[PDB]
Amino acid sequence: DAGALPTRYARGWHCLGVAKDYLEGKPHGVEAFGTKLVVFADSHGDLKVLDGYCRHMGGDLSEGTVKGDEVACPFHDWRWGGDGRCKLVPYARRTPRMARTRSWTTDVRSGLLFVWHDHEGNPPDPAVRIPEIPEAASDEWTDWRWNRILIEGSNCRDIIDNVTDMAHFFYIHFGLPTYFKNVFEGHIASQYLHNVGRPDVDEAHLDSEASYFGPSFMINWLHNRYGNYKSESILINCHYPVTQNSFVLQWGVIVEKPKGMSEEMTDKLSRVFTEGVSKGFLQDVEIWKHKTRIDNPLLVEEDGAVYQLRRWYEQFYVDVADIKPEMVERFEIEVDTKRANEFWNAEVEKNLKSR
Amino acid sequence: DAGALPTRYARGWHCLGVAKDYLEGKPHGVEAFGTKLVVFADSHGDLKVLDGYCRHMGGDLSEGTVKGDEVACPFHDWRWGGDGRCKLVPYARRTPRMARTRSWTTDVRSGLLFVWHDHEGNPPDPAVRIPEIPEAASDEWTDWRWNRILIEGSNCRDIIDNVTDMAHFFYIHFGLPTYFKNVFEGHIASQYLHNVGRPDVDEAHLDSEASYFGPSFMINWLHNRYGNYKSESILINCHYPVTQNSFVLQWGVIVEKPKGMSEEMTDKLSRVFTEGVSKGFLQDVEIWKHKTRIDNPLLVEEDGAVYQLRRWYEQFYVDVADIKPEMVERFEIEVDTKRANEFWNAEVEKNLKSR
Amino acid sequence: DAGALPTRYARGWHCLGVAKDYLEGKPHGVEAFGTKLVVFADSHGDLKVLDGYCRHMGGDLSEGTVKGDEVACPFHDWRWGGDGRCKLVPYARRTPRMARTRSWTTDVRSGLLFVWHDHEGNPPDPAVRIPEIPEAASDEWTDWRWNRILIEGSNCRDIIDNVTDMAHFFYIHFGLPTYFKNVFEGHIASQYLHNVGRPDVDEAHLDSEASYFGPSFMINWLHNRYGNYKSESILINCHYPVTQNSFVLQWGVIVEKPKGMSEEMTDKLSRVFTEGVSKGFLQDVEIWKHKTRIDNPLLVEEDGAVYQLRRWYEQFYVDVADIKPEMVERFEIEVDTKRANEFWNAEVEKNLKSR
Ligand SMILES: C[C@]12CCC(=O)C=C1CC[C@@H]1[C@@H]2CC[C@]2(C)C(=O)CC[C@@H]12
Ligand SMILES: C[C@]12CCC(=O)C=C1CC[C@@H]1[C@@H]2CC[C@]2(C)C(=O)CC[C@@H]12
Ligand SMILES: C[C@]12CCC(=O)C=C1CC[C@@H]1[C@@H]2CC[C@]2(C)C(=O)CC[C@@H]12
Ligand code: FES
Ligand code: FES
Ligand code: FES
Ligand SMILES: [Fe+3]
Ligand SMILES: [Fe+3]
Ligand SMILES: [Fe+3]
């Protein structure tokens, strides 16, 4: 087909992007989780998210203004708090008693705004809180260079399978994976990789840890050496669903700044390092934009733990009380890359000799 | 959600626009009431409306030509009368006996073309005939300056609620409503308003009567004074449904011509008066294009008769024999604007003082 | 309505176009029969068609490359044969044993690529094989000048009715049909026509045989004389479904080259002959793009065998074992054009006299 669409959105923290982009004193609209949301900061700078359409007569709160700690609807100026409470009908004798719209719980981590989603309507388990990335604040590192695209005709689950995919590193990312291991446990699914650049594409040695913390947000630590020169990168791979067949895919890059040369040159290099990582990610995007998901895939041993990863991902789409132990218990596997590398080295060699 | 879509289009007269725009010797296509229609004038200039697709093999009658009193299909030239009768198959030995397509009953009032729609297929109650507006013919007034837009992702019921909306006059139209009363009876729902311009936006005094005559057509008489100079306007607010989630919204303006100065200057002023009224209407459009309808609204006393207006509007979506007395009996209410005006005057004052 | 959409695509040979356009050493994507297909030639130049999305993890085979006799998926380079077999996973210890994707049976006739479709999944009856057109190879004739358009909001059955349509030759093609006969038998439905140019449009005498061989592919032999000068044309009218409400309509023209004058002038004329035929076809396209299908048409005697043609066409949408004799037995009819021609000649005369 392949695969009945999910009937709920995933339970978890979803990143909506860089926090400071949701400030500038105004509210902002975001289409997400089958609805429209309004994001706004109160007078203390703390960020809030509500259902976007006013509970009075359907005005678009995202196109209103911020007055104090509330968002004012552009239609009749009703004031809504970050907790969803109707704080004031400015022209009325009586503001409604205990009126509320839906509030979405927020979090700011590493200069990124997150929103909690749960079909069951329960608040975040503190155990799944998205980790701080100290390097974001550190002035030894750049600040987020962020991107976003809308992908249509695809569900967001269609990109999670990359976690278990060893062989695509050769064909898509033009490198030779000499080490590959997955670990799934609780709310975290991880990929550990050693990757060597291909001689036949113009060598680099990459060590990569990448972990999804919950269903939608992956931090990828990139430790690359090109001879003796080490470089350090952190890449965010994240998304949020718009509908069950469209989603917003976002990536953000920071790099350790080279220490030290002219400020002007440090910038020039850091731009190259960043752009490089982004082109790496864009290689995956191109495949994601031009593929379908296969629910009943044809698999070889080298595919690794496709079924187990998907089983892990299922935990976010069932009620917490129905989470099965096989979704969350520690599972690990190392994929043997030896034979693939012998074959690939031959392909690489054949290509060099050929010119 | 909010609100299950209606399962039929409203029973009533719907305006398709300015009659003379449907002449120029040819037929015209209109998408309406979930189908396509053909509009055309016979040899006496009288305007007719049929289902647009030919009952023979599906040719588009709207792209045919007018021959005498019939529209000729562009495919095999069959002739269709304004009453839907198949008058002639030009090349055939025998024209079908008593063949008919669906005819739509028409009316021309005040230089505007109207069409009758009724799910039950009954002809117009003469009691709901759209009133003549003498000012249209009068050469003391301009001629219709008409506009139309297609609004998508909204049902046309989503704009009727403005009738009961006192408070939006301040936030959307930048005036202070010191008088506000609704009257609903039979097929007519009306709003009577006294409105004063806000000092803090750069004063005008407006008296307004606006009545929907049936479900889709509102005439608005605008009696404005700016000091000692009175001006008279008539504004048409009307629509027709295209689908249950798109509709065409149209507005038309005429003004009493200032009497009297140079013909050239009279035109110059009348253009300003007209453009002014249109910008008033466009303020509502902007809200209508950027909102949702709330089926179960959160209401304050100041909202007035939201539920009663909607109940009145329901009469057009039930079979005539099922019209309930509470939809059509006289209902009236005056909304007390005193407190709102004290509050608003304070807001206005605060803004002046602030600069 | 008119007409419930079909629930399967037609059983038959469908032309995807000119074979050589599907070569140039790469694979090609085609949206058809509700899915996406990949077309590619193996190392012997023989053309193949598979389901377009890889059975592994959903890569787009149409965007891969051809390696030897297989198409290589762009994601993990798996090799797929023209018969759908998984020939090789290049990096794996073991290629899957007896893995297959869906293969589509192909045929090349007259320099055109064809694909077999059958909901029942059975292979082509050799009896319905598309005939060779020797004139394609002959260097006394031009080579295919081919066109294609996507028609949206219409099912492909909506164009088959032209076969039975005598009267449209006057109104759409501006000629006078003095002879008209249909013959339906087995998998072939044909129209034989003698057509005379109208005096009142700026005379030509056309003899035309046009036959659908199966549900989607029509060959039209055009024998035209303009005085003493005969010209010979062959026109292909064909389509394939994309969805049940969109299809690709294609037409191809070849003409007997005038024998003989300068090579340069022979080309100049042949371009005119071709362009002429194409403008003839484009007259039908314009009606097809602007009409609906009528499931329960209003008919006159002159319509001929509308019901019988549709009954013939139904054979392709039922299981072979359920094909009813009345779909496939020989049916023929001649439509009497005499009276229509008297009437038309009068219309023509009236138009000449009028200027
Ligand atoms: C973020 C990412 C994609 C989605 C996924 O599931 C796992 C990873 C980790 C490896 C990343 C990759 C993005 C592209 C990267 C930067 C390369 O070009 C080399 C390493 C690789
Ligand atoms: C036509 C209308 C909208 C729809 C509706 O339901 C009722 C009215 C009557 C008041 C009109 C308004 C249009 C905008 C106007 C001209 C102003 O800017 C001041 C008065 C106001
Ligand atoms: C291919 C065709 C359309 C579809 C169909 O069903 C049958 C025919 C045969 C007659 C063709 C016509 C195409 C247009 C042609 C070339 C003319 O302008 C004169 C003859 C006519
Ligand atoms: S619609 Fe939000 S205040 Fe009225
Ligand atoms: S389709 Fe209207 S006349 Fe044949
Ligand atoms: S998706 Fe086709 S080879 Fe993996
Ligand atoms: Fe990747
Ligand atoms: Fe208004
Ligand atoms: Fe034709």
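A note on names: the letters A, B, ... follow the listed sequences, proteins ahead of strands, and every chain is numbered from 1. Order of appearance sets the numbers: ligands from 1, and atoms from 1 within every ligand. We use all heavy atoms of the structure for the numbers below, so side chains are in, but hydrogens, waters and symmetry mates are not.
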query: Among the heavy atoms of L206(B), does any lie under 4.0 Å from an atom of ligand 2?
result: yes
message: One thing to verify: whether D69(C) and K48(C) come together as a salt bridge, which I'm taking to mean a side-chain N less than 4.0 angstrom from a carboxylate O.
response: no
message: Side chains of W312(B) and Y307(B): any donor to acceptor distance under 3.5 Å?
response: no
message: Tell me if a side-chain donor or acceptor on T274(B) pairs with a main-chain N or O of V253(B) at a distance below 3.5 Å.
response: no
field: Shortest protein heavy-atom distance from atom 21 (C) of ligand 2, along with the residue and atom involved
entry: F169(B) CE2, 4.1 Å
- prompt: Are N182(B) and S190(B) close enough, and set up right, to give a side-chain hydrogen bond (donor to acceptor under 3.5 Å, both in side chains), and what steps lead you there?
  reply: CA-CA 6 Å; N182(B) 286 129; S190(B) 308; over 6 Å; no
Could you go through residues 275-284 of chain B and list every donor-acceptor pair under 3.5 Å that involves a side-chain atom there, pairing it with any protein atom two or more places apart or in another chain?
unit_1: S278(B); atom_1: OG; unit_2: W251(B); atom_2: NE1; d: 2.9
unit_1: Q283(B); atom_1: OE1; unit_2: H173(B); atom_2: ND1; d: 2.9
unit_1: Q283(B); atom_1: NE2; unit_2: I172(B); atom_2: O; d: 3.4
unit_1: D284(B); atom_1: OD1; unit_2: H168(B); atom_2: NE2; d: 3.4
unit_1: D284(B); atom_1: OD1; unit_2: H173(B); atom_2: NE2; d: 2.7
unit_1: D284(B); atom_1: OD2; unit_2: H173(B); atom_2: NE2; d: 3.1

query: Quick one: nearest non-hydrogen protein atom to atom 4 (C) of ligand 2, plus distance?
result: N237(B) ND2, 3.3 Å
Protein contact of atom 10 (C) of ligand 2 - nearest heavy atom, named by residue and atom, plus distance: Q191(B) OE1, 3.6 Å
- line: Protein-side N, O or S atoms sitting under 2.8 Å from atom 2 (Fe) of ligand 6 are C54(C) SG, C73(C) SG
- prompt: Just which atoms of ligand 2 are under 4.0 Å from any heavy atom in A210(B)?
  reply: 9 (C)
- request: Could you tell me which atoms of ligand 2, counted from 1 in the order shown, lie closer than 4.0 angstrom to a heavy atom of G280(B)?
  value: 14 (C), 18 (O)
message: What protein heavy atom lies closest to atom 7 (C) of ligand 2? Include the residue and the distance to one decimal.
response: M218(B) SD, 3.5 Å
query: Any salt bridge between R55(C) and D51(C), counting N to O under 4.0 Å?
result: yes
query: Is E302(A) paired with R93(C) through a side-chain N to carboxylate O contact shorter than 4.0 Å?
result: no
message: Any carboxylate oxygen within less than 4.0 angstrom of a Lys/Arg side-chain nitrogen, looking at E286(C) and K289(C)?
response: yes
query: Considering all heavy atoms of both residues, which atom of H239(B) and which atom of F247(B) are nearest to each other, and what is their separation?
result: CB-CD1, 4.2 Å
query: Which protein heavy atom lies closest to atom 6 (O) of ligand 2, and at what distance to 0.1 Å?
result: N162(B) CB, 3.3 Å
- request: For atom 14 (C) of ligand 2, grab the closest protein heavy atom and report residue, atom and distance to one decimal in Å.
  value: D284(B) OD2, 3.5 Å
- request: Output yes when the distance from some N or O of ligand 2 to some N or O of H173(B) is under 3.5 Å, and no in every other case.
  value: yes
message: Please determine whether a side-chain nitrogen of the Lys or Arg among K291(C) and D158(C) lies less than 4.0 Å from a carboxylate oxygen of the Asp or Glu.
response: no
- line: Vertex the Fe ion (ligand 9), ends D284(C)/OD2 and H168(C)/NE2: angle to nearest 10° comes to 130°
message: Taking 2.8 Å as the cut-off, does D165(C) contribute an N, O or S atom near the Fe ion (ligand 9), distance below it?
response: no
statement: Closest to atom 11 (C) of ligand 2 among protein heavy atoms sits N220(B) OD1, 3.4 Å
message: I'd like to know if the side chain of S62(C) and the backbone of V38(C) have a donor-acceptor N/O pair within less than 3.5 Å.
response: no
- request: Mark yes or no for whether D207(B), through its side chain, and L222(B), through its backbone, hold a donor-acceptor pair below 3.5 Å.
  value: no
